[PDB]
Each structure stands twice: as structure tokens, then as C-alpha cells.
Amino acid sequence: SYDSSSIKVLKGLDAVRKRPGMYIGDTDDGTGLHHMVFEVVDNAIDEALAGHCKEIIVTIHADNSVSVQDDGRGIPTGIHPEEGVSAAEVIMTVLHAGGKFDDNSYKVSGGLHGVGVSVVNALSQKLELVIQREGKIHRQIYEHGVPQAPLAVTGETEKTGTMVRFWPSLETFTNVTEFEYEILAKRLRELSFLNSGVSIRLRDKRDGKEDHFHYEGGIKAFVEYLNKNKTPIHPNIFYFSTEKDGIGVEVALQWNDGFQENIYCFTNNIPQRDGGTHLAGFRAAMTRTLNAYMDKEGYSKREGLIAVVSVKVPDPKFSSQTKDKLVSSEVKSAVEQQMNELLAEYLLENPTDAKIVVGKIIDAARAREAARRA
């Protein structure tokens, strides 16, 4: 009734179809459905991080599919030894297969699990792959993760690029089956701030609607754009970009007169909705740097803050498969030391801003303490 016959092994992409939650996320509320695009976008953005991709075009087609065109190096096409098929297919049909397991192809990348586009192939009733590399145009087609034919040359070109178009399987995603412009747009807008000098085009063929994102101001202008609708209470955005002890740290921030706290963290451009070591360094330096400034300015002894903290780390570790929280320990200490040094400078060189920020922080403690009215 329960023995060795009871124990089944899932091969290839079957485990992804069997358990999409593990790999793509919520298959019902639209978040996994949109994450199918992002997985593909992130692989492009990774070509960009490495200096090989300056244009990305994401297209929402009229048949419910979505495509992502990059002018990167193109997924490798030659025969994989060991696996005995094109390298391109190995990456589409094998889990834990890729070139971000070391640092030889992307010094730094979002990807690291060797799975993402594998997942997309598996949860897609159809996938189309068009590779421009080594002078040749190569192409292949899959259905529910199955190659209907080996990868084949179908022309000649000088261009370099990868194009992936997928039609999600409805045998997996439910309720939210249609792609939403604004969800894709918000993430690509943010990508353009994180990737200066890369053109990111968003096309919707359902209604002719279009976007071209290519802001220049980097995460500085990201901050401005986030304070676009609240009122910044001080004119000088704190900003820096450093790269020390193998870690890239880049921070921008600026306070408005509202009451929210919005600190957007990123590791190799992937968002951490739940923070992690980089957030924690950010807060420890904020609090230490601030309190010294008060002590010095003779004061005795969060709200309105918008900030972007973006780090570049060679081999990050997350807490989970969603990359929602960064754990690489050495990153707390890197953001800490850097903020402490430069925020401290910032306050000296901008004493007018300083006093205003601290004046807001004081004002808020005064408000709550004026509910000693019991």
C-alpha cells in the first residue's frame, strides 16, 4: 500500500508544471503571469549589465503572447557537449543550467539560479526563440516546453540578439490570463533609471499604445520621479555611487512632507520587496549619521523618506527563490560604511537641507508626544 512503487521522480520541466508556485509564484492573481515576462526581461537586463545590450523591446501581442527583443550577444547556439544538443535548448529545457553560476560571462547579474526562462518555457503552451549570433539567424519552437525541432540556421545577419515570445499555458494560469500594460510599464520605467543608456521600448499591439523609456538621470532622477507628486521639502537629493571591496553601492534619497516610508532596494537590479542586508545597512547608517549631526548641532536627546538603494554584488545570496530579501552579510557592512561616510559629508555641505530634514523628524516626534492627552 506504500512502498518503492509509491515514489515518483519528476523529470525535465514536469516539476515546474506540477508545482508552479515553487518557481513562478501565484498562478491565479496575475503576479506569476506577469513574472513570466520579468524573468525574460531580467535576462535581457543582464546582457545590459555586462555592457552588451543597449536596446530592449517588449511587445504585448494581440494573441495574448508577449515578446522581448534584445540586442545582446545572443543565447549560445553551438552543440553542448555532455547534453548533446544546442546550448540554447539546454537552457530552455534544463533546470539549473546557465552561465551566471560563475563570473566568466556576467561579472554581475540578476540571474543566478539557472531556472527562470526554463520556467517560462515550461508554463508556456508555445514558445518561439530567435537567436542572432556568429553571423547566423537561428530559430526554434517549443510547445509546453518541448522542442518541436532542433535549433536551425534560417538566414545570415551581422546583428546580435535574442528574441523570446511566449504564449502562457492556460492549463496553469487562471483568473488573470491577460497582460496588463501598466504592470509591465512600471517595472520597465524603473529599469530605465537603473540602466542608463539602454533604450527600453514597450509595445501594446492590442491598442497601438507605446512607450520608450530612456531616462538619463540614473537613480537620482528615479528619486525625483518618485517625489514628482508629493512635495519635496528640500532641494538637494543625496546621491552617491561607489564600488569598493567588490561591492557596488548606489543610493539616492530625498524627503517629502507626507507621512509614508518608501525605500526601494535592489540587488543587480532585482527588487527586494522585503529588504535585507542592504536595507539594514542603510538604516543603521541613517540613524548613526543623523544622531551625530544632532549631537554636534546641540539638539538634546522614517516619515517622508523616499530612497533608492541599489547594489551590485558578484555572488548574491537571497533568502528565498523569489529574491525578495538579500542575505549576503558583507552587504550590510558595505552600505553602512559608505552611507556613514557620504551622508555625513552630504549634511555638512548642505546644512540648509540638513536642518529641514531633522526639523521634520523632530516635528513628528512632537506630534505623537502631543497625544499625551489622556
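Numbering starts at 1 and follows the sequence shown.
Subject >> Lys296 dropped in a third or more of the other entries >> reply: Looking at the other entries that model residues on either side of it, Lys296 is present in every one.
Subject >> Residues of the deposited sequence that sit between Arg302 and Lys301 yet are not modelled >> reply: 10 or more residues lack coordinates between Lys301 and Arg302.
Subject >> Segment of higher mean CA temperature factor, 183-191 or 82-90 >> reply: If you average the C-alpha B-factors of 183-191 and of 82-90, the larger mean comes out for 82-90.
Original post:
Mean C-alpha B factor from the entry: is it higher for 234-242 or for 130-138?
Top reply: Of 130-138 and 234-242, the stretch with the higher C-alpha B-factor average is 130-138.
Subject >> Which of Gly98, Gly208, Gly161, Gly275 ranks first by CA B-factor in the deposited coordinates >> reply: Within the set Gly98, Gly208, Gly161, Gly275, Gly208 shows the top C-alpha B-factor.
**OP:** Pick out which of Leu202, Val120, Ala149, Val249 has the highest C-alpha B-factor in the PDB entry.
**Re:** Highest C-alpha B-factor among the listed residues goes to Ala149.
Subject >> Entry-reported Cα temperature factor of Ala344, expressed as the chain third it lands in >> reply: Tercile = middle for this residue's CA B-factor.
Original post:
Relative to the other modelled residues in the chain, which third contains the C-alpha temperature factor of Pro20: lowest, middle or highest?
Top reply: It belongs to the lowest third of the chain when residues are ordered by C-alpha B-factor.
Subject >> Third of chain Cα B-factors occupied by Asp29 >> reply: Its C-alpha B-factor belongs to the middle third of this chain's values.
**OP:** Going by the recorded CA B-factors, say which third of the chain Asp46 sits in, lowest, middle or highest.
**Re:** Tercile = lowest for this residue's CA B-factor.
Subject >> CA B-factor placement of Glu55, once the chain's modelled residues are sorted into thirds >> reply: Middle third of the chain for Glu55's C-alpha B-factor.
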